[PDB]
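What the sequence shown shows, in the deposited numbering, is residues 1 to 330, in sequence order.
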Amino acid sequence: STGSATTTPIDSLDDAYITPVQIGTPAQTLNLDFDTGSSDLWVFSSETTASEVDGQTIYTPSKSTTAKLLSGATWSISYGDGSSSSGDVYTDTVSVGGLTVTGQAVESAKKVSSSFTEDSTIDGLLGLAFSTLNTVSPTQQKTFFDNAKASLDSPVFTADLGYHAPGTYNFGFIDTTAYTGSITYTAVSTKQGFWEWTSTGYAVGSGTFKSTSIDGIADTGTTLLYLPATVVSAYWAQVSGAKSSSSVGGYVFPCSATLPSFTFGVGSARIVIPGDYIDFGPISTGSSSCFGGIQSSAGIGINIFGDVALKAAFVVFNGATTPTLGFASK
Numbered sequence: 001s002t003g004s005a006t007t008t009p010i011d012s013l014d015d016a017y018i019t020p021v022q023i024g025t026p027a028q029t030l031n032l033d034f035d036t037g038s039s040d041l042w043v044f045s046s047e048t049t050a051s052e053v054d055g056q057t058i059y060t061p062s063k064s065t066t067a068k069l070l071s072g073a074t075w076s077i078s079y080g081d082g083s084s085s086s087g088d089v090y091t092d093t094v095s096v097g098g099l100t101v102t103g104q105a106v107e108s109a110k111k112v113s114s115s116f117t118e119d120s121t122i123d124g125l126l127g128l129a130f131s132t133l134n135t136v137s138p139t140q141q142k143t144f145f146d147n148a149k150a151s152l153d154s155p156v157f158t159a160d161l162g163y164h165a166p167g168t169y170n171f172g173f174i175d176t177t178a179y180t181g182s183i184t185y186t187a188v189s190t191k192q193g194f195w196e197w198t199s200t201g202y203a204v205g206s207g208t209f210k211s212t213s214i215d216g217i218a219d220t221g222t223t224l225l226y227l228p229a230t231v232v233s234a235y236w237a238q239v240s241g242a243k244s245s246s247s248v249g250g251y252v253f254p255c256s257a258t259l260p261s262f263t264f265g266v267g268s269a270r271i272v273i274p275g276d277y278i279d280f281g282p283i284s285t286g287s288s289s290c291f292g293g294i295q296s297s298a299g300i301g302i303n304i305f306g307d308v309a310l311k312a313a314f315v316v317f318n319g320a321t322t323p324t325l326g327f328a329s330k
């Protein structure tokens with residue numbers, strides 16, 4: 001089997017991407033944030049505290065003839081941005097782009113933190129990291145990809161995120177029309193539950209490439225590119241007037257600037273992030289200070305190849321017995 005679904009930016013900055021997902025019988029379609037940095041499929045629901053729902057579409061398990069309470073199971077998750085959610089668990093039929101999994105754990109939110117409530121466009125998350133990170137207790141549950149894998153034509157999914165435009169998540173096949181050149185594959189460590197890999201270096205604009213190992217995670221659920229402070233300083237030094245602002249929470253730059261590109265290495269290959277992809281617009285409405293799309297990871301504990309980086313590439317998440325990542329230009 002295969003599946004193919006379009007993923008759409010939630011706003012004009014590509015702050016996140018939503019993908020329609022069918023849950024239950026008859027189908028209830030919710031727009032989920034596919035997140036290769038976590039491993040829970042959770043949804044706003046008829047059980048979510050009413051004051052914490054503000055425009056999202058909810059899953060109502062009592063209206064699904066295939067929903068079954070997973071007795072005793074609870075979940076609770078906290079994300080790198082400080083947001084969180086928790087609740088109980090049903091199993092139900094879940095389909096993405098024509099690919100159907102029966103018995104998928106659908107984690108129903110009883111509580112969500114303010115940032116989820118405040119974002120009316122995201123009805124939940126669909127985790128695509130390794131199932132060892134799933135938070136369901138006392139019986140950990142498998143991701144949608146893990147459940148679908150054995151049925152897929154090939155045990156892979158691909159992320160093709162657009163810049164200010166829709167893109168595609170495919171399951172079970174590699175669309176050879178979706179990228180240019182060849183796909184360069186690189187080793188993955190699953191030891192932290194992430195799609196963790198080592199970039200071979202970077203360049204700023206037309207500058208020379210610096211060969212240096214940068215361990216990080218391919219994370220479609222993170223907006224920006226978070227890299228070591230040395231790398232980030234070298235980037236922003238090429239932008240007149242750019243500075244790190246403690247009050248804003250990162251590097252800012254004059255909105256009048258033209259930003260240089262940023263290149264990252266994948267083995268001997270190179271992925272170029274155009275400068276425009278690094279512009280996240282005014283820090284507040286009407287400001288002439290703009291927020292940068294490349295930020296320091298120094299306070300995170302891990303480097304994160306978020307959407308800024310991934311949307312410059314066609315990315316293969318290879319879930320073979322020894323997982324690997326592939327990157328192609330497009």
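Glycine included, C-beta positions come from ideal geometry on N, C-alpha and C.
Assuming residue i contacts residue j (C-beta within less than 8 Å), just tell me the rounded distance between them.
| i | j | result |
| --- | --- | --- |
| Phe280 | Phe291 | 4 Å |
| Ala242 | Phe253 | 4 Å |
| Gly37 | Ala129 | 6 Å |
| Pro260 | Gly205 | 3 Å |
| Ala109 | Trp42 | 6 Å |
| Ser1 | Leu99 | 6 Å |
| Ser83 | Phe44 | That belief does not hold up - the Cβ atoms of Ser83 and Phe44 are roughly 13 Å apart, past 8 Å. |
| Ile273 | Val308 | 6 Å |
| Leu133 | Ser39 | 4 Å |
Taking DSSP's pairing of strands, which residues face residue i in a bridge?
| i | result |
| --- | --- |
| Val272 | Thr263 |
| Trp197 | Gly216 |
| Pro20 | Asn31 |
| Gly127 | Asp35 |
| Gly319 | The partner list for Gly319 (beta bridge, DSSP) is empty, contrary to what the question assumes. |
| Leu69 | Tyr90 |
| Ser151 | None; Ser151 has no bridge partner. |
| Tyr169 | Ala5, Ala159 |
| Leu13 | Partner(s): none; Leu13 has no beta bridge. |
| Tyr202 | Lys210, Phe264 |
| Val232 | Answer by DSSP bridge pairing: none, since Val232 is not bridged. |
| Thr324 | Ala187, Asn318 |
| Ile122 | Beta-bridge pairing links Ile122 to no other residue. |
| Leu99 | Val96 |
| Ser289 | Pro254 |
| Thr74 | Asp88, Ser137 |
| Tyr59 | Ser45 |
| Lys111 | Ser86 |
| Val53 | Beta-bridge pairing links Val53 to no other residue. |
| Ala105 | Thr91 |
Note the first and the last residue of the continuous alpha helix (DSSP H) segment covering residue i.
| i | result |
| --- | --- |
| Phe144 | 144-148 |
| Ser296 | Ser296 -> not in any alpha helix (DSSP H); beta strand (DSSP E) instead, spanning 294-296. |
| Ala309 | 307-310 |
| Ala242 | Here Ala242 belongs to no alpha helix (DSSP H), and DSSP marks it neither H nor E. |
May I ask which residues mark the beginning and end of the beta strand (DSSP E) holding residue i?
| i | result |
| --- | --- |
| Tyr90 | 84-96 |
| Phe116 | Taken as a continuous stretch (DSSP letters only), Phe116 belongs to no beta strand (DSSP E), being part of the alpha helix (DSSP H) at 114-117. |
| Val252 | 250-254 |
| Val188 | Run containing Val188: none; DSSP gives neither H nor E here. |
| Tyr277 | Run containing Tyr277: none; DSSP gives neither H nor E here. |
| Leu225 | 225-227 |
| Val43 | 41-43 |
Sort the options by Cα distance to residue i and report the nearest one.
| i | options | result |
| --- | --- | --- |
| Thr285 | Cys255, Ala298, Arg270, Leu310 | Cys255 |
| residue 408 | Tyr169, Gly97, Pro282 | Since the displayed the chain opens at 1 and closes at 330, residue 408 lies outside it and no answer follows. |
| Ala150 | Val308, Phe327, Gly293, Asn318 | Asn318 |
| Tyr185 | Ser288, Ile271, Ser86, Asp33 | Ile271 |
| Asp88 | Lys111, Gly82, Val21 | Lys111 |
| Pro61 | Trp197, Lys330, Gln22 | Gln22 |
| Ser287 | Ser189, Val248, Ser244 | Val248 |
| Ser154 | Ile58, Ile273, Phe171 | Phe171 |
| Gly267 | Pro282, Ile122, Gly293, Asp215 | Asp215 |
| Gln104 | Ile122, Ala67, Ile183, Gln295 | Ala67 |
| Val136 | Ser120, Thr258, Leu70, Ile18 | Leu70 |
| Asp15 | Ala320, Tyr277, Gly193, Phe173 | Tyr277 |
| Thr212 | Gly167, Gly250, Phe194, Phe264 | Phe264 |
| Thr190 | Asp54, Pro323, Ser329 | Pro323 |
| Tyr235 | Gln192, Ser46, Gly293 | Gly293 |
| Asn31 | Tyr17, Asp40, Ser39 | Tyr17 |
| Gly72 | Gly55, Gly97, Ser114, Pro138 | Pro138 |
| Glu107 | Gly97, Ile58, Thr65 | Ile58 |
| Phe34 | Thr102, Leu13, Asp123 | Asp123 |
Tell me, please, whether the stretch 169-184 touches the stretch 199-206 by the rule of three or more beta-carbon pairs shorter than 8 Å. For the pair of segments examined, the stretch 169-184 was found not to touch the stretch 199-206: the number of CB pairs separated by less than 8 Å stays below three.
Does the stretch 298-312 come close enough to the stretch 227-240 to have 3 or more Cβ pairs within less than 8 Å? Touching, yes.
Is it true that the stretch 23-32 meets the stretch 89-108, where meeting means three or more beta-carbon pairs spaced less than 8 Å apart? Cβ pair count under 8 Å is three or more, so yes.
Does the stretch 58-78 come into contact with the stretch 162-174, if we say contact requires no fewer than three beta-carbon pairs (one atom in each stretch) closer than 8 Å? Below 8 Å, too few C-beta pairs join the stretch 58-78 and the stretch 162-174 to call them touching: fewer than three.
Touching or not, the stretch 214-224 and the stretch 6-17, by the rule of three or more beta carbon pairs under 8 Å? Three or more beta-carbon pairs separated by less than 8 Å link the stretch 214-224 to the stretch 6-17, which places the two stretches in contact.
Assess, as a yes-or-no matter, whether the stretch 48-58 is touched by the stretch 138-151 under the definition of 3 or more beta carbon pairs within less than 8 Å. Touching, no, given that fewer than three Cβ pairs across the two stretches are closer than 8 Å.
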